[PDB]
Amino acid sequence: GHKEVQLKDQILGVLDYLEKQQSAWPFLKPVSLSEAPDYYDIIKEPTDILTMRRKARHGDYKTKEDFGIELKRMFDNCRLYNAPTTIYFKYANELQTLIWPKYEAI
């Protein structure tokens, strides 16, 4: 109970730092089929910042690694789908590089 509360707050603190970065804005909501019709043929376990924040608020992450797996998957999904010239691919790398020390300190 108390260990989950401490972890929840730390995860939200990392998601707070993540969302105030300029490269975070495209990750604030899920991709739609209108803008990327074959996105969900390629990405089987989609995620985004708001989804992870809801999950964190509700107590869904029992451990730091449970959060880490999905955080990393947000970036990995993005680079799997998008070509290297896209802003999405480029921001996923900038944003992941920025957040990783914060995630590691959890």
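Residue positions are given as counts along the sequence shown, with the first one as 1.
*Asks:* Using only modelled residues of the chain, where does the Cα B factor of residue 68 rank: lowest third, middle third or highest third?
*Replies:* For residue 68, the deposited C-alpha B-factor lands in the middle third.
*Asks:* Would you mind ranking residue 86 by its C-alpha B-factor against the rest of the chain and naming the third, lowest, middle or highest?
*Replies:* Middle third of the chain for residue 86's C-alpha B-factor.
*Asks:* According to the PDB entry, is the CA B factor of residue 60 in the bottom, middle or top third of its chain, that is, lowest, middle or highest?
*Replies:* For residue 60, whose C-alpha B-factor we compare with every modelled residue in the chain, the answer is the highest third.
*Asks:* Of the three thirds of its chain by CA temperature factor, lowest, middle or highest, which one includes residue 96?
*Replies:* Lowest third of the chain for residue 96's C-alpha B-factor.
*Asks:* Mind checking which third residue 29 falls in for C-alpha B-factor across the chain?
*Replies:* It belongs to the highest third of the chain when residues are ordered by C-alpha B-factor.
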